[PDB]
Amino acid sequence: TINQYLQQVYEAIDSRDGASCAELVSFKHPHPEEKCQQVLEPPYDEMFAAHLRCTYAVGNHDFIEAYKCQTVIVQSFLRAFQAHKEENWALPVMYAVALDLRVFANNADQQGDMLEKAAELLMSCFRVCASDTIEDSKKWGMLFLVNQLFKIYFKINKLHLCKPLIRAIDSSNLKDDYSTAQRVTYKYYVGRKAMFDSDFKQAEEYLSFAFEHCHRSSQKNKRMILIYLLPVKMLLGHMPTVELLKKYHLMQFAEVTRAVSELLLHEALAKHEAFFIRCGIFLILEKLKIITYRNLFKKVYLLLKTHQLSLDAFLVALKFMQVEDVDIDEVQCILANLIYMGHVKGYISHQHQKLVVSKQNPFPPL
Amino acid sequence: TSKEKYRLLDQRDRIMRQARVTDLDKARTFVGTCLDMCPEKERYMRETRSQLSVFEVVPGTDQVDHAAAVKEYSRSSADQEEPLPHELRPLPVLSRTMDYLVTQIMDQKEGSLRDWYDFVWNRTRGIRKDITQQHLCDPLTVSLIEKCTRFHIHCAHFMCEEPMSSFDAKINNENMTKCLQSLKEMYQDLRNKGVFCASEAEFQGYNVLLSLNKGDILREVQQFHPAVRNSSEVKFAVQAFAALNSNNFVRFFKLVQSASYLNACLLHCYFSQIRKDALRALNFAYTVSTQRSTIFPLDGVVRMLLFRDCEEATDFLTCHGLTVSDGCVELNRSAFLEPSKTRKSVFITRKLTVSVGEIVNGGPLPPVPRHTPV
Amino acid sequence: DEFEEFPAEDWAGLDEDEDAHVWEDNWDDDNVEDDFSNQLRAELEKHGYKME
Amino acid sequence: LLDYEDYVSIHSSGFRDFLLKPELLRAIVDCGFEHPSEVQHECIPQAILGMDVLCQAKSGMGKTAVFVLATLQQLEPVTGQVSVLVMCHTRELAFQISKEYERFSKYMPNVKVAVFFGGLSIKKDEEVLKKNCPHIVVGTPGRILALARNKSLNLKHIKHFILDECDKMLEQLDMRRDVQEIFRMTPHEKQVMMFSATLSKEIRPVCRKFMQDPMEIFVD
Ligand SMILES: Nc1ncnc2c1ncn2[C@@H]1O[C@H](COP(=O)(O)OP(=O)(O)NP(=O)(O)O)[C@@H](O)[C@H]1O
């Protein structure tokens, strides 16, 4: 019972195995102050007494009160984490506690200021692991302490704090040698901001790294990276298949992948517009106006089939689409945008009001 | 004289400051009780040391105008924590302080503009910093912060050809960003309590119009309240935002003419960026190669790019490498080099039917307030 | 929208799966005779601009 | 006819969402201290991590606001131990820093600030230190030598080491040897700051020798 548990703490402390002590302090097991204080070192004396207090507060359903006990645990662990001079047996113990505090912030929100007060100490756990300066180093769990701040600061939406946290990890020697669960969770988040910074190519290498190495057993984590890849893909022009969307049972993009393949887009957009202002999606997903414009150019080019095409016909093809007040200056403006961005070759002549497209390679493939 | 009274009641202010000696919530923010428009101290202090506001003085010079002579800011690392009841005035006096500024000084009868901007600017920063210090949460004073916001948005166009000793537009833009940010921190905490606004989407449109070059503002458009997301001012703002990033200038300058007056000068903040991208795109578009040039007419470029006459368009068009001849411009790929003083574009200032103070008020002016400071 | 943690800390190169040819590009072809390109033909053949 | 042949990101965030303590969120606005410049906006998120900066700008921008609002945030209360050392070699600026430390610690009773400026001998500073032990020591380099050599100041728990106006510190000889000697009794893990009003080309390589992975702000 409690004495067998405490003898397990004694064996975990004396044999310095951090995986076993991380397993005993977690809630993954089935598994107050004087019994923990009569035998342990004074940071570990407060540590496991507050672990027992957190277990009793879970059993009381007092999730506000459990959070401050689970603050006393990690402050005592940080004081014990100071006490090991150039040694890192206690580094798997941190994954047992700093993963917990995030969700123990969330329940303390229910019964976000409390997410904030949880979010200011995990900064200091990053400070301690970033202070030490390879096989005995204390920096192996640094990137775990950036993937617990990133799962707080997108639930409050603060972005300006997290541009030395990217700079600390990205300028490091051991950044390509972390654990493979955390190095692919992180590579999503810095990819995700790279969608919102109009720097899509930086997000192209990362989330495709996040999609390809995601595990089979958790389909939801595959689905979320699929959701956030689908704006940055098909702006590049990846153009998914029906079988992918049927396999992940996510079929709302598919009609859009009809309308982006060749107004249809506005009707299919406003039919389910409440999904695309739910995950930060619609104002990203409107920017394929300029590639669906090239696909409508392909539809006019394949149906009229000569080199020089008059602009009145593309004006007619947009007057079918019928959104808001299209004229002849708007047509030639967005055609000039297509012709310098690189999607459409040729030149615009104003003397005859005809567009010449390229003869041997008409619209270059992306 | 005023000097001996200055020394006597400065001495009383000092020994009253020695009569007080600190926790998070035990010391309440302590609303002050001073009623007049410029304490009782500061007018005499500025009278002896010749720091006189050049508009509001008695016109025989010498005597400070005791009925009206408004305060200046002075960030000075003031070791005094901004006095006690005095120098910080309670909430009904703030509305009168803004009301006297919309009533008479922003309709300036005679005088220069350099002293006029400093006179109205350094005051409106004083009301802003004092409502910041005072810690008041009311729907009335956030409208006054929006009044200083509309004043800053109006002065972002009204003085642009003024000298660099007078305006220096960067610190004005850095102030006007913090104005609308004080609006956002005010109204998030106000909407979380459950108090809505009559004109929320107007300055949310001002916020979206202030940050087109910042790409994150797209995501900010997601987490609005759907009433203010579906409002017409924010829907003008998003359609204005989808003309930079897709680089559509014809639609952009069609949305200038259909805009309000105060939106048009925020569209004049991005004045030289749009036609730089437009003259890059049209020169790349209309040229078959890099060794010959094609004729573009002047009527098309003054129709598309909002240029109010031929002379401003031709000045912009020869100060970029191209050459204007008769009624045509020779668009050339090779001679387009990136190398100007900004101006007053008349199509914004013709969209103001009301007078200047009635622009800042956004409606009917109150009657002139009369006060007797004794 | 919460990105949940993975079940195990480490795995091999065979444990996860790809789906092979899903990020695929064959759509840039010259297939004219689809029905949505019929209506886009027909209104373009109602304004009297006619070509094969 | 003829065939075809083949920006600025201005600052946003206010002082509410840099993400400070409430004790530093009430006292930051009771002075009316508002509208951040780009120096605080680009320096404080990195300075709360424990990283190392070498920023410079002109007067009137708030360098001192940066190295109080970072270092009071990082300071845990230690029972009678010295953790912050600031050397600046100028007599008036020491009094400004020691007054504004008390201004910005409007809440904090446990944070005690003492300043050891110069001209008031050696034994008076030792009597000040023995009568009460402050957390924070501010003083001129030449005085804190003779305070450090005589085994009276415990310098083995220095966590933060802030230098202000280092341009006139390191343009003069026989004081860089003072800085190299006061550097050695500090522990190997610490945070070192650096602030100046002016910088040059001949001073750039030595200023990076006190810090690991530095970062640059230059107004230019
Ligand atoms: N954003 C701000 N708003 C209001 N007051 C400020 C702000 N920033 C700084 N101050 C005040 O302005 C005073 C002047 O500080 P400042 O001149 O910026 O120091 P400094 O730049 O280090 N001088 P120098 O060493 O010559 O460069 C400070 O002591 C603060 O009280």
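Residues numbered from 1 in each chain as written, not as in the entry; some residues may be left out. Chains lettered and ligands numbered in written order. Heavy atoms only, no water. Residues with missing side-chain atoms left out of burial classes, pairs and counts.

For this structure, the PDB header gives the title as "Cryo-EM structure of the human UAP56 - TREX-2 complex". UniProt annotates chain D under Catalytic activity with the comment "ATP + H2O = ADP + phosphate + H(+)". Under the UniProt heading Sequence similarities, the note attached to chain D is "Belongs to the DEAD box helicase family. DECD subfamily." (UniProt positions renumbered as here; feature names shortened; annotations may be inferred.)

The name the PDB entry assigns to chain B is Germinal-center associated nuclear protein, from the organism Homo sapiens.

Student: Explain the overall build of chain B to me, please; I cannot follow it from the model alone.
Tutor: Helix and strand counts for chain B stand at 17 helices and three strands. In terms of principal-axis extent, the alpha carbons of chain B reach across some 85 × 50 × 40 Å. (Helix = DSSP H or I, 4+ residues; strand = E, 2+ residues; numbered from the N terminus.)

Student: Where do I start with the site of the ligand in this structure?
Tutor: Around the ligand, a shell composed of 14 residues is seen, among which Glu34(D), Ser59(D), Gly60(D), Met61(D) and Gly62(D) lie nearest. One chain alone does not account for the residues near the ligand; they come from chains B and D. Measuring from a nitrogen atom of the ligand, one finds a backbone N or O atom of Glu34(D) at 3.0 Å. Within the contact set of the ligand, an oxygen atom lies 2.7 Å away from a backbone nitrogen or oxygen of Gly62(D). Residue classes in the shell around the ligand are distributed as two nonpolar, six polar and six charged. (Near = heavy atom within 4 Å. Polar contact = N/O pair within 3.5 Å; in protein donor to acceptor, adjacent residues only side chain to side chain. Nonpolar A, V, L, I, M, F, W, Y, C, P; charged D, E, K, R; others polar.)

Student: Just checking my understanding: could you explain the environment of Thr103(B) for this structure?
Tutor: All names here are of chain B. Mapped onto the elements of the fold, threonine 103 is located in helix 3 (residues 91-105). Between the C-alpha atoms of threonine 103 and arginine 280, which are 177 residues apart in sequence, the distance is 47 Å. Apart from residues no more than four positions distant in its own chain, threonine 103 is found in contact with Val368 and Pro369. (Contact = heavy atoms within 4.5 Å.)

Student: How should the pattern of salt bridges be read in this particular structure?
Tutor: Pairs can form between side chains of opposite charge whenever their charged atoms are close. Taken as a whole and judged by the stated rule, the model has 36 salt bridges over all chains. Notably, a salt bridge pairs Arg102(A) with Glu5(C), separated by 3.1 Å at the nearest N-O pair. Here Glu5(C) lies in the segment before helix 1 (36-42) and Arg102(A) lies in helix 6 (residues 91-110), a pairing that spans two chains. Taking the shortest distance from any N to any O, the salt bridge between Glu34(D) and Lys178(B) comes out at 3.3 Å. Residue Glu34(D) is found in the loop between helix 1 (23-26) and helix 2 (38-47), and its partner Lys178(B) is found in helix 6 (residues 169-193); the two belong to separate chains. (Salt bridge = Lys/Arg side-chain N within 4 Å of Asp/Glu carboxyl O.)

Student: How should I be thinking about the packing of aromatic side chains in this particular structure?
Tutor: Each aromatic ring pair is specified by the distance between its two centres and by the angle formed by the two planes. Residues and elements named next belong to chain A. Per the counting criterion, the structure on display carries 32 aromatic pairs over all chains. Ring plane angle 65° and centroid distance 4.9 Å describe the contact between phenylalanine 297 and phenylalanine 314, whose orientation is recorded as edge-to-face. Of the two residues, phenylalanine 297 sits in helix 18 (residues 289-304) while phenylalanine 314 sits in helix 19 (residues 311-321), which places them 17 residues apart along the sequence. Across the pair, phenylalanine 314 and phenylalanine 297 agree in class, each one buried. (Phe/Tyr/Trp six-rings, centres within 6.5 Å; stacked < 30°, edge-to-face > 60°. Buried < 20%, exposed > 50% of the residue type's maximum accessible area, 1.4 Å probe, protein only.)

Student: What's the story with the domain arrangement of chain B in this structure? I'm lost.
Tutor: You'll often see interface size given as the accessible area lost when the parts meet. All names here are of chain B. Per the domain assignment, the segments of chain B are domain 1 (2-193), domain 2 (198-258) and domain 3 (271-349). In this complex, domain 1 contributes 10 residues to the contact, which on the side of domain 2 involves 10 residues. Surface buried jointly by domain 1 and domain 2 totals about 970 Å² across both partners, of which 63% is contributed by carbon and sulfur atoms. Sorting the residues of domain 1 by area buried against domain 2 places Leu180, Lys184 and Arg191 first, and these three jointly supply 49% of that buried surface. At the junction of domain 1 and domain 2, the tally comes to three salt bridges. Note that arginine 150 is salt-bridged to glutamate 202, the shortest N-O span being 3.9 Å. Put simply, domain 1 and domain 2 have three residue pairs in polar contact between them. Those elements giving two or more residues to the side of domain 1 that touches domain 2 turn out to be helix 5 (141-158) and helix 6. The element best represented in the side of domain 1 that touches domain 2 is helix 6, accounting for seven residues. Tallied by class, residues from the side of domain 1 that touches domain 2 come to five nonpolar, one polar and four charged. (Domains from an automatic or database assignment. Buried area = accessible area lost by both parts, 1.4 Å probe.)

Student: Please clarify how the sheet that holds strand 3 (residues 354-356) of chain A should be interpreted in this entry.
Tutor: Residues and elements named next belong to chain A. With antiparallel pairing, the three strands of this open sheet are ordered in space as 1-3-2. Of all the strands in the sheet, just strand 1 (308-310) and strand 2 (347-349) have a single pairing partner and so form its edges. Here the average twist between neighbouring strands, direction ignored, is 25°. Both strand 2 and strand 3 contribute to a ladder of three bridges, which runs antiparallel. Across the sheet, the residue bridging to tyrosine 347 is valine 356, located in strand 3. In the packing of helix 19 onto the sheet, contacts are made with strand 1 and strand 3, and the angle to strand 1 comes to roughly 55°. (Pairing = 2+ DSSP bridges. Axes fitted to C-alpha atoms, helices over the stretch in contact; angles between N-to-C directions.)

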